[PDB]
């Protein structure tokens, strides 16, 4: 199945800039070229051009609502189209608010999809529970059916239609959840494996349970939304909201290796790589290389190694 890379250089979902440079940094490291060495056919859609909405005043506490809503409507259209042609979409972020468009467009073609969200955060604050008003911490709230009508309609998002139920998403890596968010995930009965569960079970058991929960009853497309801050700051330091005690480099690759093995990956997001936030050049290189490795892992690259079929190396 073909792969289509879609750059989403957008940072309006955040208070500070820099994450819009993520796609460029990833390409600079040769992500596209490296992906072409895998078993998949790769196509680069390029980077989307986003139109900044003039006089985009705050909707209550929410910041840049129209700009964020517009960027996501455009991304959703692009993703829906690539999905329609039967190709796996790979969105390079960009802040996590872009998951609204990515998942929305994906669901237009595969409404029965499930979501595996790797992040130190739930990103499920609503316009009413958010303390910052930053849309990068509210993606999931705009996507969940059970949250529909629980907050006022935000300018620029009227095109959004809640596509997934609280039962179709699984969080992995949680360790920085706001009171309101914790109330929401507990009240909605959302399935999650915070770092506490990862420590208890081991990443091996976490993936077994994640798959039995989401796929045990029926096999459906998987949308993996990977926020780089899900891994410990020691591995991915160049990111907006680093939180200590995260997933290790090994655990991140294990997650992606297992997702690859399911043969169900249909959509992927590689978010929050902010090249301007490295304390040193090396911290940026470290973060970019990790994001690249995770992406290649999603598409076949295994740590035990790989070799071409019908080729007698000896």
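Positions refer to the first chain, counted from 1.
For the pair 116-124 and 181-189, the mean Cα B-factor is higher in 181-189. Between the stretches 288-296 and 6-14, it is 6-14 that shows the larger average CA temperature factor.
Remark: of 264, 270, 247, 61, 61 shows the highest value [criterion: C-alpha B-factor in the PDB entry]. Per the deposited coordinates, the residue with the largest Cα temperature factor out of 92, 163, 234, 207 is 163. When the modelled residues of the chain are ordered by C-alpha B-factor, residue 146 sits in the highest third.
Ranked by Cα temperature factor within the chain, residue 153 sits in the highest third according to the deposited record. Per-chain ranking of the deposited C-alpha B factor places residue 73 in the middle third. Placement of the Cα temperature factor of residue 159 within the chain: highest third of the modelled residues, per the deposited record. Ranked by C-alpha B-factor against the other modelled residues of its chain, residue 256 falls in the lowest third.
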